[PDB]
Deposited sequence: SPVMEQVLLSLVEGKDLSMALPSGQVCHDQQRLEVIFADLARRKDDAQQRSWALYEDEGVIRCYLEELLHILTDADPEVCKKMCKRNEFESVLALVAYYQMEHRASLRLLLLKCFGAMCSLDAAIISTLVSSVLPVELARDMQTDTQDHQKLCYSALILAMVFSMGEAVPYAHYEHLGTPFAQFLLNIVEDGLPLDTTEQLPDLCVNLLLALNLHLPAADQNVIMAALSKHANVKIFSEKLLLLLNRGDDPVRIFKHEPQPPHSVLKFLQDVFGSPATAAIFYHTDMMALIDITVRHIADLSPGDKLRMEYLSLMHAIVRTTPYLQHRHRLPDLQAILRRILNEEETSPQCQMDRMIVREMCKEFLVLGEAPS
């Protein structure tokens, strides 16, 4: 009961011209509030925390966002970011509330305006990746600051960097932002890539991620689990020849090596196999694959193997549907 009462006190004080009461308090006072808030959200009973956060249409959550907009002191913003992170860990509905709020816009603008603050920059990129990690749609007005120019801003950091950890965080954010975009032709991120500005290091990092197979965006355990962000991203990249061109020929071969290996190594029934198959299909469509035919014999062999599988699982049925679509559009893929 103590943790709930403390949450009630902290939330009320911070939510208290309609400027925040916190803004006229000493920095050390608010810091203690935020340290305690972070502690409770992390160590106390999740149900108690979720209850307080969700109360009155996520009133406390949105109030904390409004306070962040007004708070000018970087040390307090840092703590607030950590609290937002703890909140995201609690419940997907809190994430839904945050990503629908002005908060993603605020973070994106702060990243581009206060770039010299490296620590706050990193945590901003982290929280942004967190709130977009569920792959749900966002208000259209968000694309004003979370659109193609913002994506280009992120790409520049990945390639050039600032005068070690930030480039990876920006990669994860690009992957997270792309999750909810259900159209590769209406994609603000793909549009940035098509500009072909600073995509060298980015493409290499994509290859490394696919090689290890990890999904750096999937941090929480919330349902519904979105698709593999790396596979989804690469599928979007090979949705158009304009974006497929970010890979040199040798990079393409490496990508083909990885994809074919995964299709083969994955067990029948694995949900991931249809992702790789869909990726390979897109590669054949938007690259001159059939003119160099890297790993083509190996590709032909396993495509046939998958078709001859006796598995009746819906994933396997989906696998065979994709393979048949590939071989119909490209007959040579079906040959022995």
* Asked: Where does the model have holes with respect to the deposited sequence?
  -> 1 to 26, 43 to 47, 195 to 198, 372 to 373
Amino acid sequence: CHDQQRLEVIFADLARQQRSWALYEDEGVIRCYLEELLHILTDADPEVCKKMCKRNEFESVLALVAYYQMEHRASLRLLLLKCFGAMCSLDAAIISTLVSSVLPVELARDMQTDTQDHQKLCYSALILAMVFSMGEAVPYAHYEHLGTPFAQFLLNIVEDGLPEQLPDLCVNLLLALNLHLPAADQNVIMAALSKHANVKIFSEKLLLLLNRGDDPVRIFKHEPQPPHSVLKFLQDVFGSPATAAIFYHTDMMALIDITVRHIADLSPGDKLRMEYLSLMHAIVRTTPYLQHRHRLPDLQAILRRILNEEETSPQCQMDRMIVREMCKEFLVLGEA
From here on, numbers count along this sequence of modelled residues.
* **Of 288 to 296 and 61 to 69, the one with larger mean CA B-factor** => 288 to 296
* Asked: Comparing 190 to 198 with 240 to 248, where is the mean C-alpha B-factor higher?
  -> 190 to 198
* Structure fact -> Scanning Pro149, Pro216, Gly161, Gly85 for peak Cα temperature factor in the entry gives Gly161
* Tell me, please, which of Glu204, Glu106, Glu136, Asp185 has the highest C-alpha B factor according to the deposited entry? => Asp185
* Relative to the other modelled residues of the same chain, rank the CA B-factor of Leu208 and answer lowest, middle or highest third. => lowest
* **Relative C-alpha B-factor of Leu181, binned into the chain's lowest, middle or highest third** => middle
* Asked: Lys221: which third of its chain by C-alpha temperature factor?
  -> highest
* Among the modelled residues of its chain, does the C-alpha B-factor of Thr113 lie in the lowest, middle or highest third? -> middle
* To do: Within this chain's modelled residues, let me know which third the CA B factor of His281 belongs to: lowest, middle or highest.
  => middle
